Amino acid sequence: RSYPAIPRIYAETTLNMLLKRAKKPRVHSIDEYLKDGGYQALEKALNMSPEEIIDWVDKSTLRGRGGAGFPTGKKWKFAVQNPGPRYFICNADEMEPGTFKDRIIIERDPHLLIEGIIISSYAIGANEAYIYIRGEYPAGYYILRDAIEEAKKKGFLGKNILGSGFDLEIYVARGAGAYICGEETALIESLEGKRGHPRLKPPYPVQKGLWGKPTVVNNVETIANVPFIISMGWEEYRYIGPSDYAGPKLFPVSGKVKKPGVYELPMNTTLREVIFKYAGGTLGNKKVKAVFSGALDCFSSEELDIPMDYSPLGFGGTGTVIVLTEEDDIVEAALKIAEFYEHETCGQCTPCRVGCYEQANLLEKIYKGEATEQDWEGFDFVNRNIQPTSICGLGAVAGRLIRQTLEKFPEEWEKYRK
Amino acid sequence: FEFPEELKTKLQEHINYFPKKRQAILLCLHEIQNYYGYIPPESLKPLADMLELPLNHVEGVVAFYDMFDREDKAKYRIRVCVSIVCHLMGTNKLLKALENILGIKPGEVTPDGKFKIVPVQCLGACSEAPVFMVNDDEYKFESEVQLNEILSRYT
Ligand SMILES: NC(=O)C1=CN([C@@H]2O[C@H](COP(=O)(O)OP(=O)(O)OC[C@H]3O[C@@H](n4cnc5c(N)ncnc54)[C@H](O)[C@@H]3O)[C@@H](O)[C@H]2O)C=CC1
Ligand SMILES: Cc1cc2nc3c(=O)[nH]c(=O)nc-3n(C[C@H](O)[C@H](O)[C@H](O)COP(=O)(O)O)c2cc1C
Ligand code: SF4
Ligand code: FES
Ligand code: NA
Ligand code: NA
């Protein structure tokens, strides 16, 4: 049928896996997916034990593509040591600034995600799976609902899938504008019909999740890897990129590059290579000043030779690369990051509620040259004191990127201090 | 207050979709905002009854989620990204073009109730910055002439 208008985000791949079809900016329906050998990995998976599938996903070195990079197999193993029923949740909230990697899988190759969900659900013994897609992805929502009907039609969903005795329904839930609803416990609260308030962890969802039951939450891009792991075997999958951080990775690249878009590359690719080898270098061939890893980290031009992997010295995060060049004001950019966290704190934790607000409100005064000496000292203090008593990652990192700009671009901040 | 049959039928479809009625709350509110061009406060008591939830639960949920608007009826929501990448690449040019064409700023509605500009955080299309939506449709802003063409399609 007809879907809402979607901008045609550029997509390029060196691996031809996640983006084999999604490199073309249009919906690939079940026939095209089947033509490329789609749903054969599901047929293979259903002739394996759930435990075998977990073992392959473990040995694959697949890490959470949501941004934390938690080992996916090890998450599943924690879930299955707890009695059922169990739930599988696909996190499609994708609301990090600069981050548009998951939507191109959803909107262009939805059956890659659906096949991943069915295999993962079977591996953990979940008969009920959810996609939680952000409200601002209405096309993604309608495309997934249509795709799910296609899968049902072909007998990949419903009861007794392909005579396996395995039952699965996939329910598509929509967000309604809250970044925090991407936090796995806030997501689950939203699925339960409530406000997106994160829960104290532990327990982690794999112990106590949806309706208090063992629940695996995985990112769109994580799940999209599962069909490849089963199809190729974990061994062949480990041939892709470095053996310790293996498999394809999507890199959404934006700001001051000639070729902004999503790049499928191995995680041994360096940040410099992403910008200059793949994204066509900078607009006007201007010097890179900084790279914002979404709203999480700020890397200086001295940090471009780092691997795009989940290693301690790696880029990590979502793989999100926002490029700022020599004429971009770092304090102006820090203000946009502060404004983001101000708008998105859920307010359960006091230092997060007041800290996100005050960090933005004071940094606006600093930017407009209306800050008192007290406001300056205030801004520094609140930036270092958003984290205390926080029960989720938003409070933990709301000051992180901005602190890194203060440390890495002091001369620029000092200009504002006068 | 009563839901017109064509809306009530859609609401019941959402309530029947998930295993538990209360899971349908955001799909129902999206559906109500789609029908009326906002969330009528009088709509919330009947929705609570259909979801078998307390009214205060439903009111709290409407308050929490930024896409829901209880204040202004608008046929078309022009959602304009004001986050880091769209700001770097020309949110201000988009807002200037929107003001030149429609005579309104963020948070305002045109006198005919046709268009409301809604400033939003990152819409997840940052490579196509600066980004805007017109209801469910999403676009890169190129220029005032191009924006005028796009807007002419919404009648
Ligand atoms: N994709 C997007 O649009 C967004 C992504 N993010 C990402 O979110 C990340 C932070 O996520 P969190 O869930 O707070 O990180 P985390 O590191 O606390 O947890 C990561 C995952 O591992 C699981 N896990 C961790 N320790 C565990 C344990 N002991 N036992 C069992 N399971 C365990 C968690 O349940 C979760 O599913 C950031 O790095 C950021 O990149 C944040 C906002 C938006
Ligand atoms: C404030 C906040 C927002 C988050 N938003 C998302 C999101 O939109 N998508 C996502 O997959 N993970 C998001 N996460 C991370 C999830 O909590 C979780 O780690 C992830 O979905 C697990 O999947 P993965 O292991 O496959 O990465 C968010 C975390 C926090 C703290
Ligand atoms: S840290 Fe912030 S966003 Fe997270 S639960 Fe606490 S108040 Fe909410
Ligand atoms: S910053 Fe505007 S779409 Fe992401
Ligand atoms: Na097609
Ligand atoms: Na897309």
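These values consider heavy atoms only, across backbone and side chains, with no hydrogens, waters or symmetry-generated copies. Throughout, a chain's letter reflects where its sequence line sits, starting with A, and its residues are numbered from 1. Ligands are counted one by one from 1 in listed order, and the atoms in each one are counted from 1 as well.
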At what distance is the nearest protein heavy atom to atom 29 (N) of ligand 1, and which residue and atom is it?
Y204(A) CE1, 3.5 Å
Where on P205(A) is there a heavy atom closer than 4.0 Å to ligand 1, on the side chain, on the backbone, on both, or on neither?
side chain
Where is the nearest protein heavy atom to atom 34 (C) of ligand 1: which residue, which atom, and how far?
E184(A) OE2, 3.1 Å
Within the structure, does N91(A) bring an N/O atom to less than 3.5 angstrom of an N/O atom in ligand 2?
yes
Among non-hydrogen protein atoms, atom 19 (O) of ligand 2 lies closest to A68(A) CB, 4.5 Å
Of all protein heavy atoms, the one nearest atom 1 (N) of ligand 1 is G66(A) O, 3.4 Å
What protein heavy atom sits nearest atom 29 (C) of ligand 2, and how far off is it?
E183(A) CA, 3.8 Å
Does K75(A) have a heavy atom less than 4.0 Å from any atom of ligand 2?
yes
Does atom 26 (N) of ligand 1 have a protein non-hydrogen atom under 4.0 Å from it?
yes
For atom 8 (O) of ligand 2, which protein heavy atom lies nearest, and how many Å away is it?
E94(A) N, 2.9 Å
Could you tell me, atom by atom, which parts of ligand 1 come under 4.0 Å of a heavy atom of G67(A)?
39 (O), 41 (O)
Any idea which protein heavy atom is nearest atom 14 (N) of ligand 2, and the distance to it?
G182(A) O, 3.4 Å
For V217(A), the ligand 2 atoms whose distance to one of its heavy atoms is below 4.0 Å
21 (O), 22 (C), 23 (O)
Centre-to-centre under 6.0 Å for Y142(A) and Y3(A), is that the case here?
no
Quick one: nearest non-hydrogen protein atom to atom 24 (P) of ligand 2, plus distance?
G64(A) CA, 3.4 Å
Examine the proximity of ligand 2 to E184(A) and report which part, side chain or backbone, both or neither, has a heavy atom under 4.0 Å away.
both
Provide the number and element of each atom of ligand 2 under 4.0 Å from a heavy atom of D93(A).
8 (O)
Atoms of ligand 2 under 4.0 Å from any heavy atom of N218(A), numbered from 1 in the order shown, are 23 (O), 24 (P), 25 (O), 26 (O)
Is there at least one pair of N or O atoms, one from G66(A) and one from ligand 2, spaced under 3.5 Å apart?
yes
Which residue and atom name correspond to the protein heavy atom nearest atom 9 (C) of ligand 1, and how close is it?
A68(A) N, 4.0 Å
Within 4.0 Å of atom 3 (O) of ligand 1 (strictly less), any protein heavy atom?
yes
Would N16(A) and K23(A) count as a side chain to side chain donor-acceptor pair (under 3.5 Å) here? Give the steps.
CA-CA 9 Å; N16(A) 211 46; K23(A) 66 191 183 190; 2.7 Å; yes
From atom 11 (O) of ligand 2, is the closest protein heavy-atom distance below 4.0 Å?
yes
Yes or no, since that's all I need: does a protein heavy atom fall within a distance strictly under 4.0 Å of atom 3 (C) of ligand 2?
yes
Under 4.0 Å, heavy-atom basis, I'd like to know which part of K201(A) is in contact with ligand 1: side chain, backbone, both or neither.
neither
Tell me whether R63(A) forms a cation-pi arrangement with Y245(A), defined as NZ or CZ under 6.0 Å from the six-membered ring centre and within 45 degrees of its axis.
no
I'd like to know if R145(A) and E150(A) make a salt bridge, using a cut-off of under 4.0 Å between side-chain N and carboxylate O.
no
Considering the heavy atoms of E94(A), write down every atom of ligand 1 situated less than 4.0 Å from one of them.
3 (O)
Could you see which bit of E183(A) sits under 4.0 Å from ligand 1, with heavy atoms only: side chain, backbone, both or neither?
neither
Within 45° cone and under 6.0 Å: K208(A) NZ/CZ vs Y204(A) ring:
no
Using a 4.0 Å cutoff against the non-hydrogen atoms of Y179(A), which atoms of ligand 1 qualify?
42 (C), 43 (C), 44 (C)
Close-contact set for ligand 2 against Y179(A) heavy atoms, below 4.0 Å
1 (C), 3 (C)
